[PDB]
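Novice: Okay, handing you the structure first.
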Ligand SMILES: OC[C@H]1O[C@H](OCCCl)[C@@H](n2cc(CN=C3NCCN3)nn2)[C@@H](O)[C@@H]1O
Ligand SMILES: OC[C@H]1O[C@H](OCCCl)[C@@H](n2cc(CN=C3NCCN3)nn2)[C@@H](O)[C@@H]1O
Ligand SMILES: [Ca+2]
Ligand SMILES: [Ca+2]
Ligand SMILES: [Ca+2]
Ligand SMILES: [Ca+2]
Ligand SMILES: [Ca+2]
Ligand SMILES: [Ca+2]
Ligand SMILES: [Cl-]
Ligand SMILES: [Cl-]
């Protein structure tokens, strides 16, 4: 199914880092291994990731930013965060407190955080 | 079937500017017409635009910057510049010479340039 250190879930493989980096450097680390800082396509996928991050008690980068235009959120695959999936924001988020343009998993939902924060991160590539 | 003043190429509509503007202004100019400073998704698309600029010998903006993090380039739709498409930098580039954070068509490939420079620009939007 997937490489070692990677986890299969519904057709894709997921790598949970063992180190921390800013968002930009996390984007590239995923590219280094033919993967992408995770883009969420389905409810179940979010659910799964939300829980996996909660279990290890970690904040983790996903591939979602409003770096280009404040308030218009974008997947790293160049798609808009759809109205539907805006529901995954933690309450009161995204709040852009002191310019926060990179999404992290923060307990049960998403938080916009400073891009220069060192977080864990998640790569996704297909099982195939 | 694009609107008048737009050029159709493989599903999309491209607007090649007569006027020169700086990068940020070029981003807004494209938004104003329901489009986006050009994000290059395929190799063919790259070729068409490379041709279209080079035949006039003009520099032109595309929707790509490393403003938010030196060395980690990102398209204006959210997508990071992939390792594969890094092949399109002219040789020696990006050099970030006296700081350069926006990307332009520059002959046969791409050059990083100061964002305040007035350059032509290209919009893109779906033809439906
Ligand atoms: O939780 C509410 C707000 O708390 C902090 O801001 C306080 C002033 Cl409003 C920020 N914040 C949250 C976090 C949690 N994430 C991490 N990652 C590394 C350690 N903490 N950090 N700052 C911010 O993103 C958030 O909207
Ligand atoms: O060696 C080519 C380098 O030439 C200039 O730097 C000189 C000192 Cl290193 C820069 N440069 C090139 C250009 C051409 N682009 C335009 N746009 C409108 C007119 N010039 N501009 N700066 C730079 O981007 C480039 O890497
Ligand atoms: Ca911002
Ligand atoms: Ca923001
Ligand atoms: Ca926040
Ligand atoms: Ca810079
Ligand atoms: Ca730069
Ligand atoms: Ca340059
Ligand atoms: Cl024009
Ligand atoms: Cl020119």
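Note that chain A carries Swiss-Prot numbering, so the residues on display, from first to last, are 267-394.
The way this entry was determined, per its header, is X-ray crystallography, 2.0 Å.
Cβ coordinates come from backbone N, Cα and C, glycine included.
The Ca(2+) binding site annotation in Swiss-Prot covers A:359, A:361, A:363, A:366, A:377, A:378. The feature disulfide bond is assigned by Swiss-Prot to A:268-A:279, A:296-A:389, A:368-A:381. Residues or ranges marked as domain 'C-type lectin' by Swiss-Prot: A:274-390. Annotated N-linked glycosylation site per Swiss-Prot: A:361, in sequence order, evidence recorded as sequence analysis.
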Novice: Given A:268, A:279, A:296, A:361, A:368, A:389 as the recorded positions, which ones have a Cβ positioned under 6 Å from some atom of ligand 5?
Specialist: A:361
Novice: Under DSSP, is residue A:296 (disulfide bond) helix, strand or coil?
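Specialist: Assignment for residue A:296 (disulfide bond) reads helix.
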Novice: Reported as an integer number of Å, what is the Cα distance between residue A:366 (Ca(2+) binding site) and residue A:381 (disulfide bond)?
Specialist: 7
Novice: Pick from A:359, A:366, A:378: which of these binding-site residues has the biggest number of other Cβ atoms within 10 Å of its Cβ?
Specialist: A:378
Novice: On a C-alpha basis, identify the one among A:268, A:296, A:368 that is nearest to residue A:377 (Ca(2+) binding site); the candidates are the disulfide-bonded residues.
Specialist: A:368
Novice: Can you give me the Cα-Cα distance between residue A:363 (Ca(2+) binding site) and residue A:389 (disulfide bond) in Å, rounded to a whole number?
Specialist: 26
